[PDB]
Amino acid sequence: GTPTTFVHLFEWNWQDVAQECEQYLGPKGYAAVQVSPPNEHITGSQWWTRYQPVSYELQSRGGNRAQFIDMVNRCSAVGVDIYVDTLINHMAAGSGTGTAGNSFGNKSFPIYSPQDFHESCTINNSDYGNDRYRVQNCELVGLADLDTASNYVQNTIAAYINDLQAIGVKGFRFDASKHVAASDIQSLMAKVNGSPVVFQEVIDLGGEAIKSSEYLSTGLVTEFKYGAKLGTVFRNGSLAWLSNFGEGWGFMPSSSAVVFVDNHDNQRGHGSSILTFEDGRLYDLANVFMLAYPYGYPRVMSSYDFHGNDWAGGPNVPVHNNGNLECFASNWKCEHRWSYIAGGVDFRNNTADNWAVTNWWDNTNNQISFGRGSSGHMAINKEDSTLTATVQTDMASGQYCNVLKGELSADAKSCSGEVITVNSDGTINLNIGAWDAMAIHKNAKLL
Ligand SMILES: [Ca+2]
Ligand SMILES: [Cl-]
Ligand SMILES: [Cl-]
C-alpha cells in the first residue's frame, strides 16, 4: 500500500506521539501526524494557549527540543512523517510569560518589536463579509497581528520553518491563513527551502470576502465544506446523494483539499451539524465513507473527552501510562485506533492506484456501496434493517478480509475477522447488520 491519510494527535506530548508511531501508526499505515504547536507559547493549561506564540524556541507543552527531535526520528523510522502546526499570523495577546521562560508584553517579544506588527485594531464580525483589509490586518481576538508583508517577519517565520525542516519535519499547517494575504504567504514560501507539504487553514463555506480558492496556488487548503456537508447528510439526508461528492458539491479541486469529519475547533461547537466522537457509530460510518471515497487528503481527528469544558486542556494522564493504554473511555478517545477508522485507512492505502468511484449502488436512501475499480469495494448500511442486496464489483473472485473488522494474517491464509466472498461473476451477496459496514481490497485477499 501507499500513504494516504494523516492524523491530528491533538495535545499529545512528544513521548506519547513517538510511542504511538512505533506501536500503532507505523504498523497501521498512517502517513503523518499533525502535532500541536511545538514553539514557545503562553503558560496555562487550556488547549488554546498553543495558539498564542511567545517565540520560536521548541519548548512547549509537548516537550523540549531534544524530545521533539526524538519524536521526529522515532516516527520517521517507522515511516510516519511529522507536520507542524505553524502560527504564521500572530503572536500572543497582552503580556505574560512563555513555556521557555521568556517574557512578553506591549507587542514586545524575544524576536519581535512593536514595529513588526500591524497597527492595532479589532476584527469585528461584520468584517468577514465586507472588509478583507481588516480581516487580514486587524487583531483576531486580541492576538498581536504580525506584519506578514515585512521582510524581517517573513525571514523570521521562514527561519522557524526551515529549522524544523532541517530536523526532519516534512509538512506544515499554516494556522489562521485567512488572516494573512495569500500574497504574503507567497512571499514567505519563496524563503522556505524545498517543497514540504503545506496546508492552509481557511474556513470558507461561502458568502464572505476572502475565499479559500485564493490559497490554492500556495499549498493545500482545508476544505471545511466537506465535513459540514457530510455531517448534514449523515444526520438528516440520504447517503445516496453522496454519489458525486466533491467538486460537484462546490468543493475545491480534490488535489488541493485537506478533508476531515471534524477538527479541534469545530468539535467544540466553535456547525451543530459536525460529527464527532460523541456521535459514536455515526462517526465511525462517516469516517469509513470519507476514507473510502476518492476526494482530498483526509486527516483523522484524535480527541480527548473534555467533559463539557470546551476550553480545557487534555487529560493529566499520558496515553501510554505505565503499560495501560488510556484510550476509548473518558480520557483520550484515540479515534485513529477505532477499528472502522483504522480499517478505512488501510482501505485508502490499498486503493490509491484507482481514484475512481465505480459501480455505485444505493437504495435511494441510507444504504450505499461502491468500488475503487478492481482495487477495492465497500458498503455502508446506515439503516435499521439488514442490508442483503447483491452488488456488482470489479474485484477478482475469491475471499477477502473485511478490513473494518480484521486483518489478513502474515501468511495470507486467514483473516482475524469477517471474511467477504466475491462471487464468480464479481458480485457480493451483502449481509450487513444495521449501522454496520464492510470494506475489502486487493491486498487483503486470502491466497
Ligand atoms: Ca493578519
Ligand atoms: Cl529551540
Ligand atoms: Cl484545520
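First listed ligand is number 1; within each ligand, the first listed atom is number 1. Residue numbers start at 1 and run along the sequence shown.
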| Neighbour count >12 (heavy atoms, 6.0 Å) for atom CG, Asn324 | yes
| note | Among N, O or S atoms, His179 approaches the Ca ion (ligand 1) most closely through O
| said: Whether the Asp184 and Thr148 side chains hold a donor-acceptor pair (N or O, under 3.5 Å, no angle test) is what I'd like checked. | reply: yes
| Does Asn89 bring an N, O or S atom to within less than 3.0 Å of the Ca ion (ligand 1)? | yes
| query | So, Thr148 and the Ca ion (ligand 1): N/O/S under 3.0 Å, yes or no? | reply | no
| field | Side-chain H-bond candidate by donor/acceptor type, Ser120 with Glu139, under 3.5 Å | value | yes
| task | Inspect the contact between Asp436 and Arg281 and indicate whether a charged nitrogen and a carboxylate oxygen are less than 4.0 angstrom apart. | result | yes
